[PDB]
file my_file12.csv (CSV, C-alpha atoms and all ligand atoms)
chain,number,residue,atom,x,y,z
A,1,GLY,CA,-5.1,7.1,-9.5
A,2,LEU,CA,-5.8,5.1,-6.3
A,3,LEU,CA,-4.0,7.7,-4.1
A,4,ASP,CA,-4.8,10.9,-6.0
A,5,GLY,CA,-4.7,13.9,-3.7
A,6,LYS,CA,-3.3,11.9,-0.7
A,7,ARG,CA,-0.3,13.2,1.3
A,8,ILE,CA,1.6,10.3,2.7
A,9,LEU,CA,4.7,10.1,4.9
A,10,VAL,CA,7.0,7.1,4.2
A,11,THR,CA,9.7,6.0,6.6
A,12,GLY,CA,12.4,3.4,6.0
A,13,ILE,CA,14.3,4.0,2.8
A,14,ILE,CA,17.9,2.9,3.1
A,15,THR,CA,18.6,1.1,-0.2
A,16,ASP,CA,16.8,0.7,-3.5
A,17,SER,CA,15.8,-2.8,-2.3
A,18,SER,CA,14.1,-1.4,0.8
A,19,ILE,CA,10.4,-2.3,1.0
A,20,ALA,CA,9.9,1.4,1.6
A,21,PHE,CA,11.5,2.4,-1.7
A,22,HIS,CA,8.9,0.3,-3.5
A,23,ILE,CA,6.1,1.6,-1.3
A,24,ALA,CA,7.1,5.1,-2.2
A,25,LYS,CA,7.5,4.4,-5.9
A,26,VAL,CA,4.1,2.6,-6.2
A,27,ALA,CA,2.4,5.3,-4.1
A,28,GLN,CA,3.7,8.1,-6.4
A,29,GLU,CA,2.6,6.2,-9.5
A,30,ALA,CA,-0.8,6.0,-7.9
A,31,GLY,CA,-1.0,9.8,-7.5
A,32,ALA,CA,0.2,10.3,-3.9
A,33,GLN,CA,2.3,13.2,-2.7
A,34,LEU,CA,5.1,12.0,-0.4
A,35,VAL,CA,7.3,13.1,2.4
A,36,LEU,CA,10.2,10.7,3.0
A,37,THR,CA,12.1,10.3,6.2
A,38,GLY,CA,15.6,8.8,6.6
A,39,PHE,CA,17.9,7.6,9.4
A,40,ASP,CA,21.5,8.8,9.8
A,41,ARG,CA,22.8,8.4,6.2
A,42,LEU,CA,20.9,11.3,4.8
A,43,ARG,CA,23.1,12.0,1.8
A,44,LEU,CA,23.0,8.3,0.8
A,45,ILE,CA,19.2,8.3,1.2
A,46,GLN,CA,18.7,11.6,-0.7
A,47,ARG,CA,20.3,10.1,-3.8
A,48,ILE,CA,17.9,7.2,-3.6
A,49,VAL,CA,15.0,9.5,-3.2
A,50,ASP,CA,16.3,11.3,-6.3
A,51,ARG,CA,15.5,8.2,-8.3
A,52,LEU,CA,11.8,8.1,-7.3
A,53,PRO,CA,9.2,8.9,-10.1
A,54,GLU,CA,8.5,12.4,-8.7
A,55,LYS,CA,10.4,14.9,-6.6
A,56,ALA,CA,9.6,14.6,-2.9
A,57,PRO,CA,11.3,16.1,0.2
A,58,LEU,CA,13.4,14.0,2.6
A,59,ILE,CA,13.6,14.9,6.3
A,60,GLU,CA,15.6,13.2,9.1
A,61,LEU,CA,14.0,10.8,11.6
A,62,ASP,CA,15.9,8.7,14.1
A,63,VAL,CA,13.0,7.1,16.1
A,64,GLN,CA,15.3,6.7,19.1
A,65,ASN,CA,15.7,10.5,19.1
A,66,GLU,CA,13.0,12.2,21.3
A,67,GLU,CA,13.7,15.6,19.7
A,68,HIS,CA,13.3,14.2,16.2
A,69,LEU,CA,9.9,12.8,17.2
A,70,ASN,CA,8.7,15.9,19.1
A,71,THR,CA,9.5,18.1,16.1
A,72,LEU,CA,8.4,15.7,13.4
A,73,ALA,CA,4.8,17.1,12.9
A,74,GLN,CA,6.2,20.7,12.7
A,75,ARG,CA,8.9,19.6,10.2
A,76,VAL,CA,6.4,17.7,8.1
A,77,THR,CA,4.0,20.7,8.1
A,78,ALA,CA,7.0,22.9,6.9
A,79,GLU,CA,7.2,20.6,3.8
A,80,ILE,CA,3.5,20.2,3.0
A,81,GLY,CA,2.3,23.7,3.9
A,82,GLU,CA,0.4,25.1,6.9
A,83,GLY,CA,-3.2,24.0,6.9
A,84,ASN,CA,-2.4,20.8,5.0
A,85,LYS,CA,-2.5,17.5,6.8
A,86,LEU,CA,-1.3,13.9,6.2
A,87,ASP,CA,-3.6,11.3,4.9
A,88,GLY,CA,-1.2,8.4,5.3
A,89,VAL,CA,1.8,7.3,7.4
A,90,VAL,CA,4.0,4.3,6.5
A,91,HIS,CA,6.2,2.7,9.2
A,92,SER,CA,8.8,0.6,7.4
A,93,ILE,CA,11.4,0.6,10.1
A,94,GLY,CA,13.1,-2.4,11.6
A,95,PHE,CA,16.4,-3.2,13.4
A,96,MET,CA,17.8,-5.9,15.7
A,97,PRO,CA,21.5,-6.1,16.7
A,98,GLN,CA,23.3,-9.2,15.3
A,99,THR,CA,23.3,-10.8,18.7
A,100,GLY,CA,19.5,-11.0,18.4
A,101,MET,CA,19.4,-12.4,14.9
A,102,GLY,CA,21.4,-15.6,14.9
A,103,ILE,CA,25.1,-14.7,15.1
A,104,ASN,CA,25.0,-16.4,18.6
A,105,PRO,CA,22.4,-18.6,20.3
A,106,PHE,CA,19.0,-17.2,21.2
A,107,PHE,CA,19.9,-17.1,24.9
A,108,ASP,CA,23.1,-15.1,24.3
A,109,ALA,CA,21.4,-11.9,23.2
A,110,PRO,CA,21.9,-9.3,26.0
A,111,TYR,CA,18.8,-7.3,27.0
A,112,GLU,CA,20.5,-4.0,26.0
A,113,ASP,CA,20.6,-5.3,22.4
A,114,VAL,CA,17.0,-6.8,22.5
A,115,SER,CA,15.7,-3.6,24.0
A,116,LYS,CA,17.3,-1.5,21.2
A,117,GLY,CA,15.6,-3.8,18.6
A,118,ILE,CA,12.2,-3.6,20.3
A,119,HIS,CA,12.6,0.2,20.6
A,120,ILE,CA,13.2,0.6,16.9
A,121,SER,CA,11.0,-2.2,15.6
A,122,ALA,CA,7.9,-2.1,17.8
A,123,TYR,CA,7.7,0.9,20.3
A,124,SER,CA,8.4,3.3,17.5
A,125,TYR,CA,5.2,2.4,15.8
A,126,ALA,CA,3.4,4.0,18.8
A,127,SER,CA,6.0,6.9,18.7
A,128,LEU,CA,5.4,7.6,15.1
A,129,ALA,CA,1.6,7.5,15.5
A,130,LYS,CA,1.8,9.8,18.6
A,131,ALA,CA,3.8,12.3,16.6
A,132,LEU,CA,1.7,12.4,13.4
A,133,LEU,CA,-1.9,11.7,14.4
A,134,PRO,CA,-2.3,15.4,15.4
A,135,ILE,CA,-1.7,16.4,11.7
A,136,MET,CA,-3.7,13.5,10.1
A,137,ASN,CA,-7.0,13.9,8.3
A,138,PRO,CA,-10.1,11.8,9.0
A,139,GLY,CA,-10.2,8.8,6.7
A,140,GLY,CA,-6.4,8.5,7.1
A,141,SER,CA,-4.4,5.4,7.5
A,142,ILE,CA,-1.3,4.3,9.4
A,143,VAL,CA,0.4,1.1,8.0
A,144,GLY,CA,3.3,-0.8,9.4
A,145,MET,CA,5.4,-3.7,8.0
A,146,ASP,CA,5.1,-7.1,9.8
A,147,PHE,CA,6.7,-10.5,9.5
A,148,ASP,CA,4.2,-13.1,10.8
A,149,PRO,CA,5.5,-14.0,14.3
A,150,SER,CA,2.8,-16.4,15.4
A,151,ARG,CA,5.3,-19.3,15.4
A,152,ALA,CA,8.9,-19.2,16.4
A,153,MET,CA,11.3,-18.8,13.4
A,154,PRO,CA,14.9,-19.7,14.3
A,155,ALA,CA,15.7,-17.8,11.0
A,156,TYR,CA,15.0,-14.5,12.8
A,157,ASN,CA,15.1,-15.1,16.6
A,158,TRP,CA,14.6,-11.9,18.6
A,159,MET,CA,13.3,-10.0,15.5
A,160,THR,CA,10.3,-12.3,15.7
A,161,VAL,CA,9.8,-11.4,19.4
A,162,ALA,CA,9.9,-7.7,18.3
A,163,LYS,CA,7.3,-8.4,15.6
A,164,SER,CA,5.0,-10.0,18.2
A,165,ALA,CA,5.3,-6.8,20.3
A,166,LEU,CA,4.6,-4.8,17.1
A,167,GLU,CA,1.4,-6.6,16.4
A,168,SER,CA,0.2,-5.9,19.9
A,169,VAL,CA,1.2,-2.2,19.6
A,170,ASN,CA,-0.8,-2.0,16.4
A,171,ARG,CA,-4.0,-3.0,18.1
A,172,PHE,CA,-3.5,-0.2,20.8
A,173,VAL,CA,-2.6,2.3,18.1
A,174,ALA,CA,-5.9,1.5,16.4
A,175,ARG,CA,-7.6,2.4,19.6
A,176,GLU,CA,-5.8,5.8,19.8
A,177,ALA,CA,-6.3,6.6,16.1
A,178,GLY,CA,-10.0,5.7,15.9
A,179,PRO,CA,-11.3,9.0,17.5
A,180,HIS,CA,-9.3,10.9,14.8
A,181,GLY,CA,-11.0,8.9,12.1
A,182,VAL,CA,-7.7,7.1,11.3
A,183,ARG,CA,-7.1,3.4,10.8
A,184,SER,CA,-4.0,1.4,11.8
A,185,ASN,CA,-3.0,-1.9,10.3
A,186,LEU,CA,0.0,-4.0,9.5
A,187,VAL,CA,1.0,-5.7,6.3
A,188,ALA,CA,2.7,-9.0,7.0
A,189,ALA,CA,5.1,-9.8,4.1
A,190,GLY,CA,6.9,-12.9,3.1
A,191,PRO,CA,10.8,-12.9,3.0
A,192,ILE,CA,12.3,-10.2,0.8
A,193,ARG,CA,16.0,-10.1,-0.3
A,194,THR,CA,16.7,-6.6,1.0
A,195,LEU,CA,20.4,-5.9,1.4
A,196,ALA,CA,20.5,-6.8,5.1
A,197,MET,CA,18.7,-10.1,4.5
A,198,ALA,CA,20.7,-10.9,1.4
A,199,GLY,CA,23.8,-10.6,3.6
A,200,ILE,CA,22.4,-13.1,6.2
A,201,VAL,CA,21.4,-15.7,3.6
A,202,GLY,CA,24.8,-15.0,2.1
A,203,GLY,CA,26.7,-15.9,5.3
A,204,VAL,CA,27.6,-12.7,7.2
A,205,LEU,CA,26.2,-14.1,10.5
A,206,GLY,CA,27.7,-17.5,9.8
A,207,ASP,CA,26.9,-20.7,7.8
A,208,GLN,CA,24.1,-21.8,10.1
A,209,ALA,CA,22.1,-18.6,10.0
A,210,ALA,CA,22.4,-18.6,6.2
A,211,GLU,CA,21.0,-22.1,5.9
A,212,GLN,CA,18.2,-21.3,8.4
A,213,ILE,CA,16.9,-18.4,6.3
A,214,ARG,CA,17.4,-20.3,3.0
A,215,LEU,CA,15.2,-23.1,4.4
A,216,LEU,CA,12.6,-20.6,5.4
A,217,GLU,CA,12.6,-19.0,2.0
A,218,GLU,CA,12.3,-22.4,0.3
A,219,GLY,CA,9.4,-23.6,2.4
A,220,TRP,CA,7.7,-20.2,1.7
A,221,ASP,CA,7.7,-20.8,-2.0
A,222,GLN,CA,6.5,-24.4,-1.6
A,223,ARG,CA,3.5,-23.3,0.5
A,224,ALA,CA,2.4,-20.2,-1.4
A,225,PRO,CA,-0.5,-21.1,-3.7
A,226,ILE,CA,0.2,-18.1,-6.0
A,227,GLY,CA,4.0,-18.3,-5.5
A,228,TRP,CA,6.3,-15.9,-3.7
A,229,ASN,CA,9.0,-13.8,-5.3
A,230,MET,CA,11.5,-12.7,-2.7
A,231,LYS,CA,13.3,-10.5,-5.3
A,232,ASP,CA,10.3,-8.3,-6.0
A,233,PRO,CA,8.5,-6.3,-3.3
A,234,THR,CA,6.0,-4.7,-5.7
A,235,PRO,CA,3.1,-6.9,-4.5
A,236,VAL,CA,3.8,-5.8,-0.9
A,237,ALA,CA,4.0,-2.2,-2.0
A,238,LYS,CA,0.6,-2.4,-3.7
A,239,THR,CA,-0.9,-3.9,-0.6
A,240,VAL,CA,0.3,-1.1,1.5
A,241,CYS,CA,-1.2,1.4,-1.0
A,242,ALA,CA,-4.5,-0.5,-0.8
A,243,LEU,CA,-4.6,0.1,3.0
A,244,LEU,CA,-3.6,3.8,2.5
A,245,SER,CA,-6.6,4.2,0.1
A,246,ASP,CA,-10.2,4.7,0.9
A,247,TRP,CA,-11.2,1.2,-0.1
A,248,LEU,CA,-10.8,-0.6,3.3
A,249,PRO,CA,-12.5,2.1,5.5
A,250,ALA,CA,-13.8,-0.4,8.2
A,251,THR,CA,-10.5,-2.2,8.7
A,252,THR,CA,-8.4,-1.3,11.7
A,253,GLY,CA,-6.2,-3.1,14.3
A,254,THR,CA,-5.5,-6.0,11.9
A,255,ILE,CA,-2.8,-7.8,9.9
A,256,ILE,CA,-3.2,-8.2,6.2
A,257,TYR,CA,-1.0,-11.0,4.7
A,258,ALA,CA,0.9,-10.2,1.6
A,259,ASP,CA,2.8,-13.4,1.6
A,260,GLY,CA,1.6,-15.4,-1.4
A,261,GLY,CA,-0.7,-17.3,0.9
A,262,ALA,CA,2.1,-19.2,2.6
A,263,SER,CA,0.8,-18.6,6.1
A,264,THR,CA,-2.5,-20.4,5.2
A,265,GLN,CA,-1.1,-23.8,4.2
A,266,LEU,CA,0.6,-26.6,6.0
A,267,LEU,CA,2.7,-29.2,4.1
B,1,LIG,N1,13.0,-8.1,4.4
B,1,LIG,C1,12.1,-8.9,4.7
B,1,LIG,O1,12.2,-10.2,4.6
B,1,LIG,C2,10.9,-8.4,5.5
B,1,LIG,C3,9.8,-9.2,5.6
B,1,LIG,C4,8.6,-8.8,6.2
B,1,LIG,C5,8.7,-7.5,6.9
B,1,LIG,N2,9.8,-6.8,6.8
B,1,LIG,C6,9.8,-5.5,7.6
B,1,LIG,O2,9.8,-4.4,6.7
B,1,LIG,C7,10.3,-3.2,7.3
B,1,LIG,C8,11.3,-2.6,6.4
B,1,LIG,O3,12.5,-3.4,6.3
B,1,LIG,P1,13.2,-3.9,5.0
B,1,LIG,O4,13.1,-5.3,4.8
B,1,LIG,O5,12.7,-3.0,3.9
B,1,LIG,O6,14.7,-3.6,5.3
B,1,LIG,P2,15.7,-2.3,5.2
B,1,LIG,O7,16.9,-2.6,5.9
B,1,LIG,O8,15.8,-1.9,3.7
B,1,LIG,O9,14.8,-1.2,6.0
B,1,LIG,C9,14.8,-1.1,7.4
B,1,LIG,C10,14.8,0.4,7.7
B,1,LIG,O10,14.8,0.7,9.1
B,1,LIG,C11,15.5,1.9,9.3
B,1,LIG,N3,15.9,2.2,10.7
B,1,LIG,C12,16.7,1.5,11.5
B,1,LIG,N4,17.0,2.1,12.6
B,1,LIG,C13,16.2,3.2,12.6
B,1,LIG,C14,16.0,4.3,13.4
B,1,LIG,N5,16.7,4.4,14.6
B,1,LIG,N6,15.2,5.3,13.1
B,1,LIG,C15,14.6,5.2,11.9
B,1,LIG,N7,14.7,4.3,11.0
B,1,LIG,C16,15.5,3.3,11.4
B,1,LIG,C17,16.7,1.7,8.4
B,1,LIG,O11,17.4,3.0,8.2
B,1,LIG,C18,16.0,1.2,7.1
B,1,LIG,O12,15.6,2.3,6.3
B,1,LIG,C19,10.9,-3.7,8.7
B,1,LIG,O13,9.9,-3.5,9.7
B,1,LIG,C20,11.1,-5.2,8.4
B,1,LIG,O14,11.2,-6.0,9.6
B,1,LIG,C21,10.9,-7.2,6.2
call {"tool": "encode", "arguments": {"input": "my_file12.csv", "output": "structure tokens", "more": "lines below"}}
Ligand SMILES: NC(=O)c1ccc[n+]([C@@H]2O[C@H](COP(=O)([O-])OP(=O)(O)OC[C@H]3O[C@@H](n4cnc5c(N)ncnc54)[C@H](O)[C@@H]3O)[C@@H](O)[C@H]2O)c1
result
Amino acid sequence: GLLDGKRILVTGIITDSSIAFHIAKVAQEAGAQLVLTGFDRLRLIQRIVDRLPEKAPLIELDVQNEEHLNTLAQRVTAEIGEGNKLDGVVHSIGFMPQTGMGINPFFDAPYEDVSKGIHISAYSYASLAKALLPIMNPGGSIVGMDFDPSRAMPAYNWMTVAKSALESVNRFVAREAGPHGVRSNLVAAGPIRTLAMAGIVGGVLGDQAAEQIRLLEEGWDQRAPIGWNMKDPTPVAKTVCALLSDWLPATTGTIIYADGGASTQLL
């Protein structure tokens, strides 16, 4: 298998539609041995982890908790065994309070809310790398999830600002990881109907926010030369696994687009 013998930590499972659930599933089917992390609802997440192809341990990680981060490497080592190291780390973590995602105008998001979203969505990519690089093997790989923020998307407002910060953080993490023999890259996915996003397109932040995301989704499918399936994150999961493998060993600090090609076309 593509990831035979690799030990990979995967953050970000909260539902069975989470991108991270599919990353974990595909990675296990490709031979990887996993450690999962979960935020807050650990019993809920454990029952989802129980549905993965193979048994894998779940440990707690709130990326806003300094003690969780400062103990993370030790707690991972407790699961994989002293002397064993990680080959891969997946950041699949995002959050922005509703005030920053269209329930009110762009200008009405208070900084306390924006700062919380940037903490979880962007700064924590550096936090996670800081915590785990000391227990990573040369040849290893850190991968984070991106949503192309090169143009303003009124569908996502301050989450797009957070992704712009994340892309910058990724390039600096590549610099830190390099001397360890470790790569850092982002996978920019098209829109996926995770439970949170299905709620927004469904109307939970109001009619206008629902229509804005729906228009974004519709344009995406029109632009993508190979199509885009918002109800199936498997192609995104495979792309993450490609970057976790040994097959892109000279790629670091970059963004790989798993978006059906929609970012490359203008209609
Ligand atoms: N859904 C999409 O359309 C889409 C598209 C491109 C990229 N992405 C990105 O993919 C990543 C995964 O999101 P998703 O779409 O699978 O949604 P999701 O809601 O299933 O996953 C987001 C995860 O972030 C976790 N999280 C939030 N606060 C946290 C904290 N304090 N500590 C640790 N974890 C925390 C949640 O518990 C959840 O597991 C995010 O970075 C998201 O921005 C999503």
call {"tool": "residues_near_ligand", "arguments": {"input": "my_file12.csv", "ligand": "ligand LIG 1 (chain B)", "cutoff": "7 Å", "atoms": "all atoms listed in the file", "output": "ChimeraX atom specification"}}
result
/A:11-15,17-20,38-39,61-64,92-95,120-121,145-147,188-197
call {"tool": "closest_atom_pairs", "arguments": {"input": "my_file12.csv", "of": "region 63-139 of chain A", "to": "region 41-56 of chain A", "cutoff": "12 Å", "atoms": "all atoms listed in the file", "output": "Markdown table"}}
result
| residue | atom | partner | partner_atom | distance |
| --- | --- | --- | --- | --- |
| A:76 | CA | A:56 | CA | 11.9 |
| A:79 | CA | A:56 | CA | 9.3 |
| A:80 | CA | A:56 | CA | 10.2 |
call {"tool": "atom_distance", "arguments": {"input": "my_file12.csv", "atom1": "CA of residue 110 (chain A)", "atom2": "CA of residue 97 (chain A)"}}
result
9.8 Å
call {"tool": "closest_residue", "arguments": {"input": "my_file12.csv", "among": "A:144, A:227, A:219, A:102", "to": "residue 124 (chain A)", "atoms": "all atoms listed in the file"}}
result
A:144
call {"tool": "residues_around", "arguments": {"input": "my_file12.csv", "residues": "residue 31 (chain A)", "least_positions_apart": "2", "cutoff": "9 Å", "atoms": "all atoms listed in the file", "output": "list in words"}}
result
residues 1, 2, 3, 4, 5, 6, 26, 27, 28, 29 and 33 of chain A
call {"tool": "atom_distance", "arguments": {"input": "my_file12.csv", "atom1": "CA of residue 98 (chain A)", "atom2": "CA of residue 205 (chain A)"}}
result
7.4 Å
call {"tool": "residues_around", "arguments": {"input": "my_file12.csv", "residues": "residue 105 (chain A)", "least_positions_apart": "6", "cutoff": "10 Å", "atoms": "all atoms listed in the file", "output": "PyMOL selection string"}}
result
chain A and resi 99+154+157
call {"tool": "residues_around", "arguments": {"input": "my_file12.csv", "residues": "region 236-243 of chain A", "least_positions_apart": "3", "cutoff": "6 Å", "atoms": "all atoms listed in the file", "output": "list in words"}}
result
residues 22, 23, 233 and 258 of chain A
call {"tool": "atom_distance", "arguments": {"input": "my_file12.csv", "atom1": "CA of residue 160 (chain A)", "atom2": "CA of residue 148 (chain A)"}}
result
7.9 Å
call {"tool": "residues_around", "arguments": {"input": "my_file12.csv", "residues": "residue 88 (chain A)", "least_positions_apart": "4", "cutoff": "10 Å", "atoms": "all atoms listed in the file", "output": "count of residues only"}}
result
25
call {"tool": "decode", "arguments": {"input": "my_file12.csv", "residues": "region 48-69 of chain A", "atoms": "N, CA, C and O atoms", "output": "mmCIF file, in the first residue's frame"}}
result
data_model
loop_
_atom_site.group_PDB
_atom_site.id
_atom_site.type_symbol
_atom_site.label_atom_id
_atom_site.label_comp_id
_atom_site.auth_asym_id
_atom_site.auth_seq_id
_atom_site.Cartn_x
_atom_site.Cartn_y
_atom_site.Cartn_z
ATOM 1 N N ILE A 48 -17.244 7.595 16.167
ATOM 2 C CA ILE A 48 -16.936 7.721 14.745
ATOM 3 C C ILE A 48 -15.627 7.015 14.422
ATOM 4 O O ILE A 48 -15.520 6.301 13.418
ATOM 5 N N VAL A 49 -14.614 7.194 15.270
ATOM 6 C CA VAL A 49 -13.352 6.488 15.074
ATOM 7 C C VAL A 49 -13.569 4.972 15.088
ATOM 8 O O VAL A 49 -12.891 4.232 14.359
ATOM 9 N N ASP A 50 -14.539 4.486 15.878
ATOM 10 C CA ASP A 50 -14.869 3.061 15.899
ATOM 11 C C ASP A 50 -15.359 2.541 14.551
ATOM 12 O O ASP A 50 -15.390 1.322 14.349
ATOM 13 N N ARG A 51 -15.761 3.422 13.637
ATOM 14 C CA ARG A 51 -16.235 3.010 12.324
ATOM 15 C C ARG A 51 -15.146 3.057 11.257
ATOM 16 O O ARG A 51 -15.430 2.753 10.092
ATOM 17 N N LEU A 52 -13.917 3.432 11.620
ATOM 18 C CA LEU A 52 -12.819 3.378 10.672
ATOM 19 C C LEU A 52 -12.464 1.925 10.352
ATOM 20 O O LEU A 52 -12.800 1.009 11.110
ATOM 21 N N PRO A 53 -11.802 1.691 9.213
ATOM 22 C CA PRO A 53 -11.445 0.313 8.832
ATOM 23 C C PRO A 53 -10.654 -0.455 9.882
ATOM 24 O O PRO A 53 -10.848 -1.666 10.024
ATOM 25 N N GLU A 54 -9.747 0.205 10.604
ATOM 26 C CA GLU A 54 -8.877 -0.450 11.571
ATOM 27 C C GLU A 54 -8.920 0.305 12.892
ATOM 28 O O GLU A 54 -9.135 1.519 12.918
ATOM 29 N N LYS A 55 -8.696 -0.422 13.985
ATOM 30 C CA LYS A 55 -8.689 0.188 15.308
ATOM 31 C C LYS A 55 -7.501 1.131 15.444
ATOM 32 O O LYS A 55 -6.363 0.763 15.136
ATOM 33 N N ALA A 56 -7.764 2.351 15.907
ATOM 34 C CA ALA A 56 -6.710 3.335 16.087
ATOM 35 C C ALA A 56 -7.053 4.195 17.291
ATOM 36 O O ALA A 56 -8.240 4.479 17.523
ATOM 37 N N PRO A 57 -6.060 4.617 18.070
ATOM 38 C CA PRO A 57 -6.345 5.374 19.291
ATOM 39 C C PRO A 57 -6.750 6.809 19.003
ATOM 40 O O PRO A 57 -6.292 7.436 18.043
ATOM 41 N N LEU A 58 -7.619 7.326 19.868
ATOM 42 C CA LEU A 58 -8.063 8.714 19.838
ATOM 43 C C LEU A 58 -7.566 9.412 21.094
ATOM 44 O O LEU A 58 -7.772 8.906 22.203
ATOM 45 N N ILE A 59 -6.919 10.569 20.924
ATOM 46 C CA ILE A 59 -6.470 11.382 22.049
ATOM 47 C C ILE A 59 -7.018 12.793 21.875
ATOM 48 O O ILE A 59 -7.428 13.198 20.786
ATOM 49 N N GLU A 60 -7.045 13.542 22.978
ATOM 50 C CA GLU A 60 -7.681 14.856 22.994
ATOM 51 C C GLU A 60 -6.711 15.947 22.548
ATOM 52 O O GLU A 60 -5.547 15.957 22.952
ATOM 53 N N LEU A 61 -7.198 16.868 21.714
ATOM 54 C CA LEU A 61 -6.405 18.048 21.369
ATOM 55 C C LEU A 61 -7.337 19.214 21.069
ATOM 56 O O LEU A 61 -8.037 19.217 20.050
ATOM 57 N N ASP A 62 -7.322 20.196 21.958
ATOM 58 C CA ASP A 62 -7.867 21.527 21.720
ATOM 59 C C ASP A 62 -6.676 22.419 21.386
ATOM 60 O O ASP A 62 -5.816 22.656 22.245
ATOM 61 N N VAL A 63 -6.597 22.898 20.138
ATOM 62 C CA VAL A 63 -5.413 23.661 19.746
ATOM 63 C C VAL A 63 -5.331 25.032 20.403
ATOM 64 O O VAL A 63 -4.299 25.705 20.273
ATOM 65 N N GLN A 64 -6.368 25.473 21.111
ATOM 66 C CA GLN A 64 -6.251 26.682 21.917
ATOM 67 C C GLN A 64 -5.755 26.398 23.330
ATOM 68 O O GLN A 64 -5.589 27.338 24.115
ATOM 69 N N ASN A 65 -5.504 25.133 23.660
ATOM 70 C CA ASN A 65 -5.065 24.730 24.993
ATOM 71 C C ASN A 65 -3.554 24.490 24.962
ATOM 72 O O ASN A 65 -3.085 23.513 24.366
ATOM 73 N N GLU A 66 -2.800 25.388 25.604
ATOM 74 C CA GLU A 66 -1.343 25.283 25.623
ATOM 75 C C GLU A 66 -0.879 23.966 26.229
ATOM 76 O O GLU A 66 0.114 23.383 25.776
ATOM 77 N N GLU A 67 -1.568 23.488 27.267
ATOM 78 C CA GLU A 67 -1.141 22.247 27.906
ATOM 79 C C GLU A 67 -1.378 21.045 26.998
ATOM 80 O O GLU A 67 -0.561 20.116 26.971
ATOM 81 N N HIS A 68 -2.489 21.036 26.247
ATOM 82 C CA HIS A 68 -2.696 19.966 25.277
ATOM 83 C C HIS A 68 -1.552 19.912 24.273
ATOM 84 O O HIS A 68 -1.090 18.827 23.901
ATOM 85 N N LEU A 69 -1.106 21.083 23.799
ATOM 86 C CA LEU A 69 -0.040 21.140 22.803
ATOM 87 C C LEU A 69 1.309 20.770 23.406
ATOM 88 O O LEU A 69 2.099 20.052 22.782
#
